[PDB]
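Chains as they are written, first to last, in PDB author numbering: chain I, 3 to 107; chain A, 3 to 527; chain G, 249 to 433; chain C, 2 to 99; chain H, 8 to 528; chain B, 6 to 529; chain J, 6 to 79.
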């Protein structure tokens, strides 16, 4: 539609973009579900500058795992608050989020 | 991993490709689901060559919707097989497929290993088919029975009026087709189409129509009574298979060589004309000839002076229909020529349209080959209806083929569901899960039916999810009020094998679909 | 180049007839000898194939030239570039036959290869290789190929030299002393 | 990435109406000026050489016009008229344009 | 600039490790694919198609690589597949793992040759081991074979259809026994034709007492249904065929040209009456057919088929026992198409098929595969290919092996029994290969997904007792199971070449020390 | 940013259209282009138009279909409506203009109800039932069902409009010759095949000098003499005029000398005997497209014979009927009964064009030919184009019957009648048919546009004057009087069938283009 | 072919590793390289080694750390 307005523009649609976000978050949660729990495993991150992580608090991971999907970055912000609020279960929040939408879908 | 082996190679993984494939079908089913159900919408395709479609049968869509995702192409193949098996419900078939896989995903998303669920499917179909086997309605070849079924099928594609017009022709063909034991649908079914005067006036012709006309103006356009010559031997000139260099010495011989060369075909046509004159000593009778190869103009002239209708260059199957039409004895050797070898027609004329020529065969006493001449306003529509036609026929051939019949419109699926939901874990328990979703997946047909009909899904399913009493009926969903309906009473039916094969087809598709882990691509440059 | 020209069509059937009868009679003439095994590096026509089946015969086409030479030397056959006689008629003789105990084609690695057992005229030896991959066999035969030669040389020269590098061990010193003999540079 | 469907091929030009109509009128006026001098007892003749290099002089404008490979369409009609009149009566084809 | 101008070379341990690593990859990429609990893989051919198959060979036969030993490993797979069919589910996984430990002495600075030397010693005992722990079986008893076959086939997706194939595989196999070799009759799996048709269901596919042709009657007037027909295999064409000598005609008189044209008519008709003189019923030929003769053969109401593939013609000939002819005048009644219980041509749905049933004791047969989709079908027959192949191997040897890793541990301790009694430096390689063997049941554990270490130790502990050797690993329970009740039974020869191939792989890669590229010829 | 996601990567580069958006908007807009593309088209006041093709070839035209055939369109439904009318002209001839107008207005109105939220399918039904009803009421408007088969005056008066429709300048000439054309042909091969009429374009000598001949013409050469005979003896041979070359190679071979002398002499000699045998029958003119032997024509010239050359298969086929004589594939037998017979045949020079004349008088009925004179061939191409469409009109007139009133008047009754049925429907569909009735306003509306006067009051005036049954009065053609004219006295009529069919086809066009929702487009 | 699918396009171009495969294989091998890199290193019989840095500076060495310091390992 708005492609009429602009050629270089990009837009989604209702079913489409909706489907995107759930997959984005569900895709997001799948990565992090490996984390929380004492039996969980921390993950090692590698900077393009060569720096290194061994953390399991996904807030660092999310903050440091470069993603372009906006809702994921949207997720990053609210989690960034949560870690600024409490720090763990940030894990829970996102896993909570996606599986919530999963059933919602 | 094997990326070590090859850099340019590509691999997926168990979790990865699994999601990809289910994602693939989930998208694929989404597009097609608009279609099946009489309220559904056919779709128009445009070629990169600019051609045009108006189709609804998904196999056409799948075969022509250019996609690369492999599973779809795999699914496309069986759908094409189903098209080569029955023709519609391929619609439902894929809708069955992805939706099953979607429901399948729900449990493995709970970490359930798929191998277990497959066995649940294995048990599930068995009980279903067991129910499927018993529930089919044994019905005779009552004209109306099939008539409703034809109308049942044909409404899937076109106007209610259009199929209704179409319905009469196909069934009567079917009636005029069987030698009470075995149909092949190829000769007796001639599907010819003309860009002429309407869509609706497309009709059965009790006789036959040809895709070409006489090659001479003096040729009779119309003949009251036709005596038929079915043949394939060329009455064009031919020179023998051996190198045979001749000379002469006189230009007189040159002309003498002129006449000699013609003489062989001269006799050939001569044999027929005498036979014609042995046959058509009466002036009233008209004599027609059909060749699968071409005919000499001089031969044409030979017939012309005798006022003989003859046709050349027929497709190899037409003569069968001709023999199935006029009882004519198709031959090659004209020396062994008998009037009993002839075919007879009660009426023939030619129909000239546009630039082409079309020829008409009429009034067989007991025609055994007929023609679905397709009258057309628009080229795509002719192509469009034709698929609907061929679909409609193949519905009937199975319909007569099976002395039983399934009431349609998904009343079975609820019946499948309730019986299957009425299965205790007589299974090893863990399979009852997969069975549950297996049964769960089955309700899609009315769901999309209501969806395609616009009625709210969840409530209607619950509504029809009321087996009434000891007569817990085969209850359909109304296609215009979204309400419980006796498909049998309203005469909504389907081929049992259709229902049979699709379950089998989908099931085998499903289990293997769930039983892949990574998708390999390491090929030469 | 020999052109066939017809001004009288009446014998072309007879012409075309004999076109194969020559091959046919050659089939018959050789078969009448009763020969049961034949090779021909040349092509073999299906007409011949049919005829030999009627004989229940044994035949080979496109055999490598050298092996059948070994065959003739092995079986005692005479390789025949054609049928002939010191008199002009092409005749054939049983004396041209090669002879051996039994011949079988056998499928090794699901592929039927032909076996020849014990030609009485000249005893023959051939070796069948079994291995894992094609890479292994073609190398091991080379060693086998070399394997024959060395023994052949030992047969060729009834004399031996001890292996394991003793040669220069002896040579080095014996020359080392021998060097002093010259006194030059 | 949806895109609106075009009507005809890209660059399928259209220009309509008065400004469209007048352009040819000027174009026709352009044509005559190449022939304006031509006819007359003291009139004029032209030389035009092809891209091949073969020169061609002419006093009959229809010939000149035939040399004058027009790309404007409406003008070609003018060029056609010359052929007709030349196929009819000849010079004054010169005039015919004017 | 000296040697070969930009052709790379390498030597020694880096080469050694590199080949060690690649095989480790090579085996690894398939370790998921063996066992009744295996997985099933689908492939992209480079040109677009799809193949989905568990049999490793095709997978690797469908693998493109750059490192050589992998390709070297590739052929080893296809070779044993060719010779044995399956075990390809396992042999390579055996192979690389053998190499996987085989490296472990490279750091031991032990020269590989001795390590090879022990290997040849090792296999010798291994073959001797299995012969000691083999079991001959009757071949006449069908049910055990059927048990053997399902035991052989309860690894592939047709598992749900074991009953059908087992009899299906048995029936065709039994009916192929060419006794003109005295009592050395040999069966053929190329006369075991396989026809895959989509649609229908697995249950619809069946063994046909004869041959199936994807062609049609040349003329309608020929009947499409006959009980006991007579069949002609005309290797030659049915029409006028070149005068091979660049023949030429020079007519001068008028009637000559017309005369000759009759003559070809005459020549063709000549052929017709020679055919009918044997009173045949069915005409088959690999070449074309004159319709004019076909008129004659129509005139004789004699069924005719043109341009049929030669191998089928043989199997058709092997169906009805008749022999093909290229010479109508030399056609012989001993090749009358007798041995024909029923003639028919059905309509499959958009295709006529030729139905040739109930030969008396046919030797050729095609299996009719009627399923969902050809890739499904093609997958099926590969499993069928393995199924029938092992059976003939069973028909080749009646001695059987209990698999499920049971035999594997049996040798394993047996070599351990050998190992401790074979003092020397070579001892450690000897036990190591025994150490290599243990992985296959272990691998089976993962495909089941059980506590591999504990079960394996117990199994070895279980197999420490001499009294019991049939103790193996159940596919699904993942529990120690004696084979006798379990019934997963295998041809001994299957396992022989398995180890035979396995060890051959080892030595071949071990002698390597060097890589050379850019041959340019 | 810069990173949306896709739930379906199914497409390799292709156009997936969906959501009714293109249907609700883009499909509709495309059709609306076509209306404006040819909005000026129909109208006696509607004006012509020229285009050059992708091969840059001029096409001045008034017909929509031809230009539509000259438009490489790419949008899907556009072609559908194009091809719908394409056959419609193939069905009737003119109407291309009108049906396209029908196409848009129905389309133009439909989206608004769709924008108003009526069921897409319901749109079909109301559109459908209205059409069926519209057909039903249609015959009740036929007036002056002219019957005279073979008069000139009636038919010309009838045929004037279509010529008037697509050529406002010169109706009087065009009718009488085309009326002369229709009368000159009778049902000979059956009820005046359109192909029975031939058209020849000659530049120069403006249109008023164009006429029609009772025979046929060729702008062709001749090889011998030039004569026309009161009793013409025409020889027709698809056979080329040479010694009958046996298709297989007989080359002369000699073995002694005199064959050289004999062969060529006899080679001459029998050719003389051949051509004489022809002349013995009195044949004065011989025709063929095939190769002519030089001595043979040399002989024909010796025998005062006329020759014809290089004509196409159609050319002989036309001529074969003209004198009704049979073409002979056999060169020798100059059959009396199958021998050509003409009033007069000669060569004319017109517009500096060598021209072979078959000037004939045929009582039994002849396929005569029309002479086109005037300057710009571009004029000829359309000026034949319109007459050709008139030719269909006569044939379509000749089809059955029942002149009906043109000039939009009939459409006004249609709307009112359909409007009248509209409120008697009552139901949610009532608006659609109400809109269905409305769309017919476009014709006089467009007619007003091509008249360039204030439409709406004229429409209302036409409405008002149509409230008294005045079915014969319609839209005038006049700047002075932008109100009304009575068509019946004006003779501005039309075909029942043409209106009937064009209604149906446009109807069919709609439901189809209306039917589809979401589309797929592969890359070309 | 030529078109597999991705269930998570989360990455704009980066390396994500999983399935323990790197841990079970790739992690180990890299470590094994380091052993092979300096296996000779220690020992009175262990011999020295030299490497040039990225800035083309000479370093003869037997101490692992210093030579290890000279390795931009990734």
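Note that the Cβ used here is the ideal one computed from N, Cα and C, for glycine as well.
**Request:** Below 6 Å CB to CB, which residues in the same chain sit around residue 167 of chain A once its five sequence neighbours on both sides are set aside?
**Result:** 202
**Prompt:** Quick one: what does DSSP say residue 23 of chain B is sitting in, helix, strand or coil?
**Reply:** coil
**Asked** Who are the near neighbours of residue 515 of chain A in its chain, counting only those whose CB is closer than 7 Å to its CB and skipping five residues on each side?
**Response** 23, 73 and 103
**Asked** Distance, Cα to Cα, residue 232 of chain H vs residue 304 of chain H?
**Response** 16 Å
**Request:** Indicate the three-state DSSP secondary structure (helix, strand or coil) for residue 347 of chain B in the structure shown.
**Result:** strand
**Message:** Please identify the residue among H:201, H:503 and H:509 whose C-alpha is closest to the C-alpha of residue 172 of chain H.
**Reply:** H:201
**Message:** Rounded to the nearest angstrom, what separates residue 81 of chain I and residue 168 of chain H at their Cα positions?
**Reply:** 53 Å
**Request:** Report yes or no: is there a C-beta of chain B within less than 8 Å of the C-beta of residue 67 of chain A?
**Result:** yes
**Message:** Looking at chain C, is there any beta carbon in it that lies within less than 8 Å of the beta carbon of residue 10 of chain I?
**Reply:** no
**Rounded C-alpha distance that separates residue 322 of chain G from residue 426 of chain G** = 52 Å
**Message:** For residue 503 of chain A, would you say it is in contact with chain H, using Cβ-to-Cβ distances shorter than 8 Å as the test?
**Reply:** yes
**Request:** Pull up the CB-CB distance for residue 46 of chain I and residue 56 of chain I, whole angstroms please, since I reckon it's below 8 Å.
**Result:** 5 Å
**Request:** Count the other C-beta atoms from every protein chain shown that fall within 10 angstroms of the C-beta of residue 105 of chain I, then say buried if there are 16 or more, exposed otherwise.
**Result:** exposed
**Item:** Residue-level contact to chain I via CB, residue 82 of chain B, 8 Å cutoff
**Value:** no
**Prompt:** Under a Cβ-count criterion, where at least 16 other Cβ atoms within 10 Å of its own Cβ denotes burial, should residue 367 of chain H be classed as buried or exposed?
**Reply:** exposed
**Message:** If you follow the beta strand (DSSP E) that residue 56 of chain J is in, where does it begin and where does it stop?
**Reply:** 54-57
**Asked** Could one say the Cβ of residue 141 of chain A lies closer than 8 Å to chain J's Cβ atoms, at least one of them?
**Response** no
**Request:** Taking residue 18 of chain J as the query, report the chain B residues whose CB atoms sit under 8 Å from its CB, ordered along the chain.
**Result:** By Cβ distance, chain B contributes nothing, its closest Cβ being about 12 Å from residue 18 of chain J, past 8 Å.
**Asked** Using a Cβ-Cβ cut-off of 8 Å (strictly less than) and excluding sequence neighbours within five positions of residue 522 of chain B, which residues of its own chain qualify?
**Response** 23, 25, 28 and 125
**Request:** Throw me the rounded Cβ distance for the residue 240 of chain B and residue 345 of chain B pair, which I believe falls under 8 Å.
**Result:** 6 Å
**Request:** Rounded to whole angstroms, what's the CA-CA distance from residue 180 of chain H to residue 379 of chain G? Just pull it up for me.
**Result:** 28 Å
**Prompt:** Relative to the C-alpha of residue 148 of chain B, which residue among B:527, B:500 and B:366 is closest?
**Reply:** B:500
**Any chain C beta carbon closer than 8 Å to residue 380 of chain B** = yes
**Completely contained beta strand (DSSP E) runs for the region 266-353 of chain H, where each covers 3 or more residues** = 289-292 and 310-312
**Asked** With 16 other CB atoms within 10 Å as the buried threshold, where does residue 530 of chain B fall?
**Response** A question about residue 530 of chain B goes unanswered here, because the residues of chain B that appear run from 6 up to 529.
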